[PDB]
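Residue-level listing of the chains:
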Amino acid sequence: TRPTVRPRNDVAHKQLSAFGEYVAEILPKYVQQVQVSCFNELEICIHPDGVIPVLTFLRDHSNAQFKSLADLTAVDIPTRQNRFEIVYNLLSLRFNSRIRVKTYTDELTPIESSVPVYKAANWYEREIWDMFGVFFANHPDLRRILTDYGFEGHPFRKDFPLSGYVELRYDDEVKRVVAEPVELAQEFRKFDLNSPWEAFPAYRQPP
Amino acid sequence: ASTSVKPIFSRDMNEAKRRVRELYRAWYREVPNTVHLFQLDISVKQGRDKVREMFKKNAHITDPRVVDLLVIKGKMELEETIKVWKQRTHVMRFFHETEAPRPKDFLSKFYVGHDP
Amino acid sequence: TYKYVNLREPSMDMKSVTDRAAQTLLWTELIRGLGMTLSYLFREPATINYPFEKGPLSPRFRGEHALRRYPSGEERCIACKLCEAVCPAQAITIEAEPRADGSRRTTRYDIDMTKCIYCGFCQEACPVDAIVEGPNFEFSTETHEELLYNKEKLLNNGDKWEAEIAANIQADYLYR
Amino acid sequence: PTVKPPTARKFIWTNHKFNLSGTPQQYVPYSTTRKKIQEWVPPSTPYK
Amino acid sequence: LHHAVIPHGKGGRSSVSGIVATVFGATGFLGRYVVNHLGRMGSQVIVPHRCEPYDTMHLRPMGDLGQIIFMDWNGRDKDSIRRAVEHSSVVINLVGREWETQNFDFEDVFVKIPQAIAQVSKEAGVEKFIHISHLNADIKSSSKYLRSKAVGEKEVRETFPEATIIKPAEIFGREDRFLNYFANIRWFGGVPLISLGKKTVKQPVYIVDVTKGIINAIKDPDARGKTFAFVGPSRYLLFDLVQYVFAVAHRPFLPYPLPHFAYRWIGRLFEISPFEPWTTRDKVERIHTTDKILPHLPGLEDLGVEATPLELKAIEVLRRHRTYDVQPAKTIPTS
Amino acid sequence: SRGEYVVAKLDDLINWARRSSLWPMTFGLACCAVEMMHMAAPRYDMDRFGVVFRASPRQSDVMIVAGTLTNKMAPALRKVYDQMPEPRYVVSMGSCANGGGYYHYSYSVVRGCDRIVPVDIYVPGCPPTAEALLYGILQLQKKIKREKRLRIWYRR
Amino acid sequence: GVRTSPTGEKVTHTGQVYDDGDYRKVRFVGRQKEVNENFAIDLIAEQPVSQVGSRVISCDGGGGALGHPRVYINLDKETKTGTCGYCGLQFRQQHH
Ligand SMILES: NC(=O)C1=CN([C@@H]2O[C@H](COP(=O)(O)OP(=O)(O)OC[C@H]3O[C@@H](n4cnc5c(N)ncnc54)[C@H](OP(=O)(O)O)[C@@H]3O)[C@@H](O)[C@H]2O)C=CC1
Ligand code: SF4
Ligand code: SF4
Ligand code: SF4
Ligand SMILES: [Zn+2]
């Protein structure tokens, strides 16, 4: 074998492709795309209306049994009509496999809360709200979790500046900690690192 | 179909305004308790005028979905004050007591710097 | 493979049951714990007599950044700015221009020792062994401004610790 | 050092100095670069 | 001049305001607010201090890195004064004391020391000089505090003609000795007052207003060689003013009269304390002296500062004195 | 005997008592708190200098800020500092507390604890070794040894 | 080497010195200005020019892996010497 190249596992690539088709045949109403990566991970892309149907099927079906929610997060892409891509990472102790379920939304369209399916989603959805501003409908307790009280904006959005808009300080006159517009003694320096030469022709896009 | 979207709480501006007013009543009746629990140095009248100013800024919204979010944030900001999750510093950040006034006219901006 | 940690069935014979009655009434396993602390009372403590004794370190230790010279006295740095590019904290600032004799040399070399994460990437990126982290770890100050090093402070450190810096690099450069 | 003395270089400090914080010998930071923009100097002779 | 210091930025903590100021007596009540306002805009502040460095620690967070610089100085040493002022563009004098010590008397701190600073500032080339006199300064006053103020107010006006002399009334604030003075009398049962507090009228001013006035006098070119009178917006009787304080503090109020000579007798008793005396014969004079009216001098409004009522910010100062709405005291209309 | 001689020796007695019984209140916020625990561990044993392991805020003489100070945490820090009985000193431990360190350019981090409270000693490193924090503590002891409170009161 | 300005403040090897009327000098009152006394431009000028008998010579700074990247220098011009771009040492061809 090649000492420096990661080996391929064609067996697990064939098994995850069979199961991806299996899922898309059972939920045509919701599944829009199923893809398997070159390092054997399975992605089910769904319409946002199927968050509860699709997840419930994967948790409870006898051939899926994805009983553990590994993680739930969001990704921000400003160039899409629906900026926010919601990602569910799931685990199956019965079949020793993982699967990724993805949907989408925007600043104003809500998504159904997953707490009924996974009690683990309670805090993850608050974090997506706090950091991205995606509203989850029917959440038992939705509010900021990580940012400071009274914080304005959603810091993980691609257009929110790195250093924010305000900074804290102690003022002796008013005997408390105050908030003021941010001025930096040394401005963060921006490096343009990307090389002007194509790195990977396998991922080239049509012109 | 492009303009057909899912609502948050209100299906039209008329229902949205109902939520705006209920929120305003909640804030109006809390200022006396807030000015007392946090031992603020402002008066109740100053507190109730700040609430009025905050509502006035977003008075030109005509999107029911946007208004729903503003109410959702308002209810979140309200729950923090009632339960004393905020502190005196957080409440007083609405007033900007330690920031010098910044001029609004062209000549004054010309003398100090380059910003428009 | 797996093992159970707490899946034992206690015996219910009279002798075993009486053994646990003596343990409950006469506090046997509590006095077994007093004995262990008694043993440590007679063991030699592990304390060292700082500042007259010091904790052991190794030639790879990462302490106070410093700027080195060639054996002729010429500065090693040639203002390549690789260290400034790799520093994950952006703690380094550099400015350069041709020197009076035409050499490529810096006119500014600052390290903010309060942004710095003391990671060692600056000395891995350097192609000429100019910026190093020395073995000094006792340089606490009384004001914030004394920790903003400029090129003069960094060159003074290099001249001050060259005897020890060179010996450490001699001891480890075969692993790099 | 007695058994294995260090290499000798003419630029190495001969007199070691301990920590100098809080004394008149403390280090004070400053910019090592010169002025960037030169300002125009008005003429010293009246024009009329 | 080749050029000024060319202010840059947005007026924040890391900006450059072009103000290099030396503040004498910056470790007291008034200097704690002047240094904060100078550092809040990005000014270079040199703070010559006589006390232990531990006692200047509250000033360090008031400026960015390297904007607050501390030096040692001696009141009678001219060389120490020179080191602190030869790099500055404005010098502010806040040196003062409400009692005479073993080594310094009212003459030393209000005449000789202000004269030394003014003379050395002139010889060093400082441009703006700001001296802090008193509103009730008068060489014909029963208080030696107020007599020395007048003498110093003149020798400064002669040594540095282009000085901006600020004459405030009694200042009130969190760390004041004016409202905090009419709240610790409770420790002695009743509230003594001369003539039951009648016949005395006071015009106290807010600390922040006096501080904002000082800053605007530095930046205003029309304040060189001019004298101001920073006074509050209302005039009160010494009785109802003290009555108001005890109402806000929510403490029992027993105002009983005491003759002038008796008050001095108890005044001398406290002066024996080798620490900060609770009260002194001199302090009693100024507390029972009526605040003057000088309409011919510019006031706060001429510097753009709007005077702050004592009612809006009395609670801020007296909140601490409360154990475990108050009706405002009456005022004296201007005829 | 002279007054300047009694005050000089009284200053040495109060300084000796204060620097020999520093009771710290440790604000363990982040990784720097781990190195602070190794200073209390048997290898270095801060307690043998008189520096007790843990002290309550009202029984403490020094505050050690060990970790990243966030904007959601700053008001709590100032409150604890204002309630410390005097004399009180603050030791800033690590790059995060000194100037923000790795998170300097973050929106939720206070760039240095010295803009919230006054600071007496800065201990650099990320984290400082347990022998580097100990060196800083012994440097605060010498600073307290140079105090002249009584010798300045006598000259007022 | 270090030479002092008319006001008594030393000049660094980069040429930095505060003018007489610059307020920034106040940071040095009761303190000192850190200046390194070993000017590298003077130190490398004392090194002798090394005579070699080839058109092209190589420099690695000395110490092998402890020096600088190895570069080859051309000595075809007799008007000037060959200078190393890294360490500043000079080389010359022997009469040809
Ligand atoms: N406070 C008020 O109500 C009024 C103030 N003023 C005047 O304003 C000025 C500020 O006073 P204020 O801050 O309010 O009260 P403070 O007494 O608290 O301030 C006095 C300052 O002057 C210093 N000082 C006193 N004597 C000397 C000396 N020999 N040498 C050096 N410094 C000395 C003190 O330094 P240190 O603490 O180290 O001893 C202190 O910093 C005074 O001149 C006062 O006359 C006038 C009208 C109202
Ligand atoms: S040790 Fe790391 S963070 Fe510190 S200066 Fe070097 S590269 Fe930058
Ligand atoms: S990597 Fe080395 S040679 Fe390059 S700029 Fe940094 S210190 Fe100088
Ligand atoms: S300074 Fe370093 S070790 Fe300390 S809290 Fe920050 S990142 Fe962690
Ligand atoms: Zn070379």
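Within the PDB entry, the label attached to chain E reads NADH dehydrogenase [ubiquinone] 1 alpha subcomplex subunit 9, mitochondrial, and the organism entered is Bos taurus. As its UniProt record puts it under Subunit (literature references left out), chain E is described as follows: "Complex I is composed of 45 different subunits. This a component of the hydrophobic protein fraction. Interacts with BLOC1S1 (By similarity). Interacts with SLC2A4 (By similarity). Interacts with CLOCK (By similarity). Interacts with RAB5IF (By similarity)." As stated in UniProt under Subcellular location, the record for chain E gives "Mitochondrion matrix".

The name recorded for chain A in the PDB entry is NADH dehydrogenase [ubiquinone] iron-sulfur protein 3, mitochondrial, from Bos taurus. Listed in UniProt under the heading Function (literature references left out), the comment for chain A reads: "Core subunit of the mitochondrial membrane respiratory chain NADH dehydrogenase (Complex I) which catalyzes electron transfer from NADH through the respiratory chain, using ubiquinone as an electron acceptor. Essential for the catalytic activity and assembly of complex I (By similarity)." Looking at the Sequence similarities heading of the UniProt record, one finds this comment for chain A: "Belongs to the complex I 30 kDa subunit family."

Engineer: Now, about the sheet that holds strand β3 (residues 89-93) of chain F: what can you tell me, with residues and values included?
Structural biologist: Residues and elements named next belong to chain F. Strand order in the open sheet made by the four strands is β1-β2-β3-β4, with parallel pairing throughout. The open sheet has two edge strands, β1 (24-28) and β4 (121-123), and neither has a second partner. Averaged over all neighbouring strand pairs, the angle between strand axes comes to 20°, with direction disregarded.

Engineer: Give a description of the site of ligand 4 that names residues and reports values.
Structural biologist: Residue and element names in this part refer to chain F. Close to ligand 4 lie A30, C31, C32, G67, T68, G94, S95, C96, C126 and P127, which account for all nearby residues. If you tally residues by element for the shell around ligand 4, the top one is helix α4 (residues 94-99), at three residues. Split into classes, the residues belonging to the shell around ligand 4 amount to six nonpolar, four polar and no charged.

Engineer: Provide a residue-level description of the pairing of strand β2 (residues 44-49) of chain E, including the pertinent values.
Structural biologist: Residue and element names in this part refer to chain E. Among the six residues that make up β2, six are buried, leaving the element largely enclosed by the rest of the structure. Both faces of β2 are covered, namely the face carrying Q44, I46 and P48 and the face carrying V45, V47 and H49. Pairing geometry for strand β1 (residues 20-24) and β2, over three bridges, is parallel. Within β2, the position partnered with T22 by the bridge is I46. Once you follow β1 into helix α1 (residues 31-39) and on to β2, the crossover reads as right-handed. Sheet topology note: the β2/strand β3 (residues 68-72) ladder contains five bridges and is parallel.

Engineer: Can you break down the coordination of the zinc ion (ligand 5) residue by residue, with the values?
Structural biologist: Residue and element names in this part refer to chain G. Summarising the metal site, the zinc ion (ligand 5) is bound by the protein donors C59 (SG), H68 (NE2), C84 (SG) and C87 (SG), whose distances to it range over 2.1 to 2.4 Å. Classification of the site at the zinc ion (ligand 5) as tetrahedral follows from its four donor atoms and the range of 105 to 113° in their angles at the metal. Going along the chain, you hit the donors of the zinc ion (ligand 5) in the pattern C-x8-H-x15-C-x2-C. Assessed through its relative accessible area of 6%, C59 is described here as buried. Taking the relative accessible area as the measure of exposure, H68 reaches 5% and is therefore buried.

Engineer: Quick rundown of the interface of chain E and chain F? Include the residues and the values.
Structural biologist: In many analyses, interface size is given as the accessible surface area lost on bringing the parts together. Taken together, the contact pairs 15 residues of chain E with 19 residues of chain F. Summed over both sides, the interface between chain E and chain F buries roughly 1400 Å², with carbon and sulfur atoms accounting for 53% of that surface. Three residues, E52, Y54 and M57 of chain E, lead the burial of chain E against chain F; their summed loss comes to 44% of the area buried on that side. Summed over the shared surface of chain E and chain F, the number is zero salt bridges. One can count three residue pairs in polar contact joining chain E with chain F.

Engineer: So what about the interface of chain C and chain F? Which residues, and what values?
Structural biologist: On the chain F side, the residues contacting the 28 residues of chain C number 33 residues. The three residues of chain C that bury the most area against chain F are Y50, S140 and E142 of chain C, which together make up 27% of that side's buried surface. Taken together, chain C and chain F are joined by two salt bridges. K143 of chain F is the partner of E142 of chain C in a salt bridge, and the nearest nitrogen-oxygen pair spans 3.8 Å.

Engineer: Explain the side chain of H87 of chain E to me, and be specific about the residues and the numbers.
Structural biologist: Within the fold, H87 of chain E resides in the loop between α2 (78-85) and β4 (90-93). In this view, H87 of chain E contacts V20 of chain E together with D22, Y23, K25, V26 and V29 of chain G; residues no more than four positions away in its chain are not counted.

Engineer: Explain the arrangement of the chains to me, using residue names and the numbers behind them.
Structural biologist: By number of contacts, the leading pair among the 15 pairs of chains in contact is chains C and F. Separated throughout, chain B and chain D approach each other most closely at a C-alpha pair spaced 18 Å apart. Across all C-alpha pairs, the smallest distance from chain B to chain G is 22 Å, and the two are not in contact.

Engineer: So what about the site of ligand 3? Which residues, and what values?
Structural biologist: Around ligand 3, a shell composed of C77, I78, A79, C80, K81, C83, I94, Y109, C126, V128, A130 and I131 of chain C is seen. Taken together, the residues that form the shell around ligand 3 break down as 11 nonpolar, no polar and one charged.

Engineer: Give me the environment of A46 of chain C: which residues, what numbers.
Structural biologist: Looking at the secondary structure, you find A46 of chain C in the loop between α2 (28-41) and β1 (65-67). With relative accessibility at 49%, the residue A46 of chain C sits in the partly exposed group. Beyond its immediate chain neighbours, meaning those up to four positions away, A46 of chain C contacts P42 and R43 of chain F.

Engineer: An account of the pattern of salt bridges is needed here, citing residue identities and associated values.
Structural biologist: Residue and element names in this part refer to chain C. For the structure on display, the rule yields 76 salt bridges over all chains. In this structure, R60 engages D172 in a salt bridge whose closest nitrogen and oxygen atoms are separated by 2.8 Å. Here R60, found in the loop between α2 and β1, pairs with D172, found in helix α5 (residues 151-172); they are 112 residues apart in sequence, far enough to count as distant. Classification of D172 by relative accessible area gives buried; the value is 5%. One salt bridge in this structure joins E84 and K81, with 3.3 Å as the shortest N-O distance.

Engineer: An account of the sheet that holds strand β1 (residues 50-52) of chain G is needed here, citing residue identities and associated values.
Structural biologist: Strand order in the open sheet made by the three strands is β1-β5-β4 (chain G), with mixed pairing throughout. Each end of this open sheet is capped by a strand with a single partner; those strands are β1 and β4 (82-83) of chain G.

Engineer: Describe the packing of aromatic side chains, naming the residues involved and giving the relevant values.
Structural biologist: When we look at a pair of aromatic rings, we describe it by the centre distance and by the angle of the planes. Residue and element names in this part refer to chain A. This model, assessed by the stated rule, comprises 38 aromatic pairs over all chains. When the centroid spacing of 5.8 Å and the interplanar angle of 80° are considered together, the rings of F132 and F156 count as edge-to-face. In this pair, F132 is assigned in helix α3 (residues 121-132) and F156 in the loop between β7 (136-137) and β8 (166-171), connecting sequence segments 24 residues apart. Judged by relative accessible area, which is 7%, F132 ranks as buried. With 6.1 Å between their ring centres and 45° between their planes, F151 and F160 make a pair best called tilted.

Engineer: Hey, could you go over helix α1 (residues 10-26) of chain A for me, with residue numbers and the actual values?
Structural biologist: All names here are of chain A. The terminal C-alpha atoms of α1 lie 25 Å apart, and with 17 residues this matches the ideal 24 Å at 1.5 Å per residue to within 8%. Check the buried side of α1 and you find it contacts β1 (31-36), β2 (42-46), α2 (51-60) and β5 (97-105). Between a side-chain oxygen at the N-terminus of α1 and the backbone nitrogen of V11 the separation is 3.2 Å; the capping residue is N9.

Engineer: Now, about the packing of α1 of chain E against helix α5 (residues 207-219) of chain E: what can you tell me, with residues and values included?
Structural biologist: All names here are of chain E. Where α1 contacts α5, the two axes come as close as 9 Å, and the packing angle between them is 50°. The angle between the axes of α1 and α5 places the two elements in the oblique class. Seen along the crossing, α1 lies across α5 with a hand that is right-handed. Between α1 and α5, the contacting residues are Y33, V34, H37 and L38 on the first element and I207, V208, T211, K212, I214 and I215 on the second.

Engineer: Please give an account of the nonpolar core that cites residues and values.
Structural biologist: Among the nonpolar cores identified, the biggest contains 64 residues, and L38, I92, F182, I207 and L310 of chain E are the most heavily contacted of them. A per-element tally of this core places helix α6 (residues 238-249) of chain E first, with eight residues. Contact partners of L38 of chain E, with chain neighbours within four places excluded, come to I19, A21, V23, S43, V45 and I215 of chain E. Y118 and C122 of chain C together with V80 and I116 of chain F belong to the second largest nonpolar core, which has 58 residues in total.

Calculation rules
- Residues numbered from 1 in each chain as written, not as in the entry; some residues may be left out.
- Chains lettered and ligands numbered in written order.
- Part of a larger assembly, values for the part shown.
- Heavy atoms only, no water.
- UniProt positions renumbered as here; feature names shortened; annotations may be inferred.
- Pairing = 2+ DSSP bridges.
- Helix = DSSP H or I, 4+ residues; strand = E, 2+ residues; numbered from the N terminus.
- Axes fitted to C-alpha atoms, helices over the stretch in contact; angles between N-to-C directions.
- Near = heavy atom within 4 Å.
- Nonpolar A, V, L, I, M, F, W, Y, C, P; charged D, E, K, R; others polar.
- Buried < 20%, exposed > 50% of the residue type's maximum accessible area, 1.4 Å probe, protein only.
- Right-handed = clockwise from strand over helix to strand, strands pointing away.
- Donors = N, O, S within 2.8 Å, 3.2 Å for Na, K, Ca; no water.
- Tetrahedral: all angles 85-135°; square planar, octahedral: opposite > 155°, others 65-115°.
- Contact = heavy atoms within 4.5 Å.
- Buried area = accessible area lost by both parts, 1.4 Å probe.
- Salt bridge = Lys/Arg side-chain N within 4 Å of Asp/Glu carboxyl O.
- Polar contact = N/O pair within 3.5 Å; in protein donor to acceptor, adjacent residues only side chain to side chain.
- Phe/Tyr/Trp six-rings, centres within 6.5 Å; stacked < 30°, edge-to-face > 60°.
- Expected span 1.5 Å × (residues − 1).
- Parallel < 35°, antiparallel > 145°, perpendicular 65-115°, else oblique.
- Left-handed = near helix turned anticlockwise from the far one by under 90°.
- Core = buried A, V, L, I, M, F, W, Y, C linked by side-chain atoms within 4.5 Å.

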